[PDB]
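File shown: protein.txt. Contents: compact mmCIF, C-alpha atoms and all ligand atoms.
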# COMPACT_ATOMS: atom_id res chain seq x y z
CA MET X 1 182.71 -76.10 28.29
CA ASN X 2 184.24 -74.15 25.41
CA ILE X 3 183.19 -71.49 22.95
CA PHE X 4 181.63 -73.96 20.41
CA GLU X 5 179.51 -75.68 22.94
CA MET X 6 178.47 -72.37 24.44
CA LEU X 7 177.50 -70.92 21.14
CA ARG X 8 175.91 -74.12 19.93
CA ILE X 9 173.73 -73.75 22.99
CA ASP X 10 172.86 -70.08 22.30
CA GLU X 11 172.23 -70.40 18.59
CA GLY X 12 170.90 -73.92 18.15
CA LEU X 13 171.35 -75.85 14.90
CA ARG X 14 169.06 -75.85 11.85
CA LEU X 15 169.82 -77.36 8.48
CA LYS X 16 167.04 -75.53 6.51
CA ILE X 17 167.04 -71.74 5.86
CA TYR X 18 165.40 -69.98 8.75
CA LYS X 19 164.61 -66.48 9.97
CA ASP X 20 166.51 -65.34 13.09
CA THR X 21 165.07 -63.40 15.93
CA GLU X 22 165.53 -60.20 13.88
CA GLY X 23 163.73 -61.88 10.92
CA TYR X 24 166.84 -62.44 8.78
CA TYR X 25 167.73 -65.43 6.78
CA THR X 26 170.09 -67.68 8.53
CA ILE X 27 171.11 -71.27 8.59
CA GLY X 28 173.12 -73.75 10.53
CA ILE X 29 174.54 -72.55 13.78
CA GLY X 30 173.48 -68.93 13.65
CA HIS X 31 175.07 -68.30 10.21
CA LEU X 32 173.56 -65.11 8.88
CA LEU X 33 173.07 -65.37 5.22
CA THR X 34 171.58 -62.06 4.28
CA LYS X 35 169.65 -59.12 5.61
CA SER X 36 167.54 -58.87 2.55
CA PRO X 37 163.96 -60.14 2.63
CA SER X 38 164.31 -62.10 -0.69
CA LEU X 39 164.48 -65.81 -0.04
CA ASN X 40 166.18 -66.02 -3.35
CA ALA X 41 169.07 -63.79 -2.37
CA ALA X 42 169.33 -65.95 0.69
CA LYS X 43 169.60 -69.13 -1.28
CA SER X 44 172.13 -67.62 -3.64
CA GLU X 45 174.20 -66.57 -0.64
CA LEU X 46 173.93 -70.09 0.78
CA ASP X 47 175.07 -71.70 -2.46
CA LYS X 48 177.93 -69.31 -2.63
CA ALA X 49 179.01 -70.04 0.99
CA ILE X 50 178.78 -73.82 0.62
CA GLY X 51 180.01 -74.16 -2.81
CA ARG X 52 177.14 -76.03 -4.37
CA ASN X 53 173.48 -75.87 -5.25
CA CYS X 54 171.93 -76.36 -1.84
CA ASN X 55 168.35 -75.51 -2.50
CA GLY X 56 168.17 -74.06 1.02
CA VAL X 57 169.31 -77.17 2.83
CA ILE X 58 172.68 -78.23 4.12
CA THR X 59 174.28 -81.05 5.96
CA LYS X 60 175.49 -81.17 9.59
CA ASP X 61 179.00 -81.24 8.43
CA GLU X 62 178.49 -78.24 6.17
CA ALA X 63 176.88 -76.49 9.18
CA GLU X 64 179.77 -77.28 11.41
CA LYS X 65 182.11 -76.16 8.77
CA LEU X 66 180.46 -72.78 8.48
CA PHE X 67 180.44 -72.56 12.29
CA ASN X 68 184.13 -73.18 12.45
CA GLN X 69 184.83 -70.39 10.04
CA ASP X 70 182.45 -68.01 11.81
CA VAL X 71 184.08 -68.53 15.22
CA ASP X 72 187.38 -67.96 13.62
CA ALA X 73 186.24 -64.79 11.92
CA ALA X 74 184.77 -63.46 15.13
CA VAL X 75 187.98 -63.84 17.04
CA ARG X 76 190.05 -62.45 14.26
CA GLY X 77 187.63 -59.55 14.18
CA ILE X 78 188.22 -58.91 17.79
CA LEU X 79 191.96 -59.16 17.38
CA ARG X 80 191.94 -56.64 14.63
CA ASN X 81 189.83 -54.06 16.42
CA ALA X 82 191.92 -51.48 18.28
CA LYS X 83 189.18 -50.83 20.78
CA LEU X 84 188.42 -54.49 21.33
CA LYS X 85 191.81 -56.16 21.40
CA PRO X 86 193.04 -54.52 24.55
CA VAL X 87 189.91 -55.45 26.44
CA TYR X 88 189.88 -58.96 25.25
CA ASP X 89 193.50 -59.54 26.05
CA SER X 90 192.88 -58.35 29.58
CA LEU X 91 190.30 -61.00 30.32
CA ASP X 92 190.59 -64.55 31.62
CA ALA X 93 189.62 -67.43 29.42
CA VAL X 94 186.02 -67.88 30.47
CA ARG X 95 185.23 -64.22 30.07
CA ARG X 96 186.95 -64.25 26.66
CA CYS X 97 184.35 -66.77 25.60
CA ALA X 98 181.67 -64.37 26.66
CA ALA X 99 183.30 -61.67 24.46
CA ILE X 100 183.41 -63.91 21.42
CA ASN X 101 179.70 -64.77 21.88
CA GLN X 102 178.66 -61.19 21.89
CA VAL X 103 180.68 -60.38 18.81
CA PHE X 104 179.42 -63.51 17.05
CA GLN X 105 175.92 -62.38 17.74
CA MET X 106 176.19 -58.68 17.16
CA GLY X 107 179.26 -57.99 15.03
CA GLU X 108 182.39 -55.93 15.75
CA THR X 109 180.22 -53.07 14.96
CA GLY X 110 177.50 -53.67 17.52
CA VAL X 111 179.99 -54.45 20.24
CA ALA X 112 182.34 -51.44 19.48
CA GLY X 113 179.63 -48.91 20.85
CA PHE X 114 179.51 -50.59 24.32
CA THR X 115 182.34 -48.28 25.21
CA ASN X 116 181.31 -47.75 28.75
CA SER X 117 180.92 -51.41 29.50
CA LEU X 118 184.13 -52.17 27.77
CA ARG X 119 185.93 -49.82 29.92
CA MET X 120 184.37 -51.41 32.96
CA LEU X 121 185.26 -54.91 31.95
CA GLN X 122 188.81 -53.78 31.37
CA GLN X 123 188.99 -52.37 34.83
CA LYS X 124 187.52 -55.65 36.21
CA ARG X 125 184.44 -53.95 37.73
CA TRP X 126 182.27 -57.06 37.13
CA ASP X 127 179.10 -56.11 38.75
CA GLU X 128 179.23 -52.68 37.36
CA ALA X 129 179.80 -53.89 33.83
CA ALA X 130 176.91 -56.38 34.30
CA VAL X 131 174.37 -53.67 35.21
CA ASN X 132 175.64 -51.47 32.31
CA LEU X 133 175.45 -54.18 29.81
CA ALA X 134 171.79 -54.82 30.60
CA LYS X 135 170.93 -51.27 29.67
CA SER X 136 170.80 -52.14 26.08
CA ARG X 137 168.62 -53.02 23.23
CA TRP X 138 170.57 -56.36 23.06
CA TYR X 139 169.42 -57.36 26.52
CA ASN X 140 165.81 -56.14 25.91
CA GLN X 141 165.50 -58.00 22.63
CA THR X 142 167.09 -61.21 23.66
CA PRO X 143 167.05 -61.31 27.41
CA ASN X 144 167.56 -65.00 28.15
CA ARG X 145 170.71 -65.20 26.03
CA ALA X 146 171.91 -61.75 27.15
CA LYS X 147 171.43 -62.92 30.73
CA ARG X 148 173.61 -65.94 30.20
CA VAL X 149 176.45 -63.93 28.58
CA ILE X 150 176.24 -61.20 31.19
CA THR X 151 176.45 -63.68 34.00
CA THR X 152 179.43 -65.21 32.39
CA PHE X 153 181.15 -61.81 32.30
CA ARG X 154 180.10 -61.08 35.82
CA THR X 155 181.26 -64.30 37.36
CA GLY X 156 183.97 -65.71 35.22
CA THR X 157 182.36 -69.20 35.52
CA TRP X 158 180.15 -71.38 33.32
CA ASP X 159 177.31 -71.52 35.72
CA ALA X 160 174.72 -69.94 33.35
CA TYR X 161 175.41 -72.68 30.95
CA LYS X 162 175.01 -75.07 33.90
CL CL X 201 181.99 -70.14 3.28
CL CL X 202 167.06 -64.83 24.46
Could you write out this structure as structure tokens?
Ligand SMILES: [Cl-]
Ligand SMILES: [Cl-]
Amino acid sequence: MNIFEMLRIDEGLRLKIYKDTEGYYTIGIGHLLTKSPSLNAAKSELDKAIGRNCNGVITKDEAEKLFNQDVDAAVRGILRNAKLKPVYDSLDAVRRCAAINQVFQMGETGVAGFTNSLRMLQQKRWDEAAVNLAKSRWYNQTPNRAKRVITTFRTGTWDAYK
């Protein structure tokens, strides 16, 4: 298992514009296009990202290409955050995949206000972090996914991904 396979499992793959669980236009492998409710802004954004007139549809390759850049951006985002970097660098490789997944899903922003859990993960208080993390809108809105990421942080293994 690796980050791509884990996220490809959590986000799925769709080649036609779609609305995510928050109702926002997305495409590919969880690639958020825009928060606006105008399908047209969404398509403009898509064309701009891909580099061609897509008409709301892309290829697998284009999808994978956007996914590559998004994983990259997520990690770089972590590395550049002063509150995140130190935590991330303290974790083992499996758990680092769990950190990337959260940031890919919620942004550097979302994740940066999990201060208490961050502290707990840094101190390697797994079970404690796990209970804390569940006390969140993230877990209540997308519990099956949140459960899988939380178990990954708690155990350091890929068992939730079986
Ligand atoms: Cl792009
Ligand atoms: Cl879910």
Residue contacts of residue X:61 (12 Å, only C-alpha atoms) excluding same-chain residues fewer than 4 positions away, as a short mmCIF file (atom, residue, chain, number, x, y, z; two decimals) with C-alpha atoms, in the frame of the given file:
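Result saved to selection.cif:
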data_model
loop_
_atom_site.label_atom_id
_atom_site.label_comp_id
_atom_site.auth_asym_id
_atom_site.auth_seq_id
_atom_site.Cartn_x
_atom_site.Cartn_y
_atom_site.Cartn_z
CA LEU X 13 171.35 -75.85 14.90
CA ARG X 14 169.06 -75.85 11.85
CA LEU X 15 169.82 -77.36 8.48
CA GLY X 28 173.12 -73.75 10.53
CA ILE X 29 174.54 -72.55 13.78
CA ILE X 50 178.78 -73.82 0.62
CA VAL X 57 169.31 -77.17 2.83
CA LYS X 65 182.11 -76.16 8.77
CA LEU X 66 180.46 -72.78 8.48
CA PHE X 67 180.44 -72.56 12.29
CA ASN X 68 184.13 -73.18 12.45
#
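In terms of minimum interatomic distance to residue X:81, X:108 ranks closest within X:144, X:6, X:108, X:123, counting only C-alpha atoms.
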> Hey, which of X:69, X:151, X:2, X:101 ends up closest to ligand CL 201 (chain X)? Count only C-alpha atoms and all ligand atoms.
Replying inline: X:69
> Hey, what's within 12 Å of stretch 135-142 of chain X if we count all atoms listed in the file and toss same-chain stuff fewer than 3 positions away? As number ranges by chain, please?
Replying inline: X: 10-11, 20-22, 102-103, 105-107, 110-111, 113-114, 116-117, 128-132, 145-150
>> Between atom CA of residue X:40 and atom CA of residue X:64, what distance in Å does the model show, to one decimal?
In response: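 Atom-to-atom, atom CA of residue X:40 to atom CA of residue X:64, that is 23.0 Å.
Contact shell of residue X:157 at 8 Å (only C-alpha atoms; same-chain neighbours under 3 positions omitted): residues 94, 95, 152 and 160 of chain X.
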>> Neighbouring residues of residue X:79 were defined as those with any atom within 12 Å, considering only C-alpha atoms; residues of the same chain fewer than 4 positions away were excluded. Please report them as an MDAnalysis selection string.
In response: chainID X and resid 72:75 83:89 96 99:100 103 108
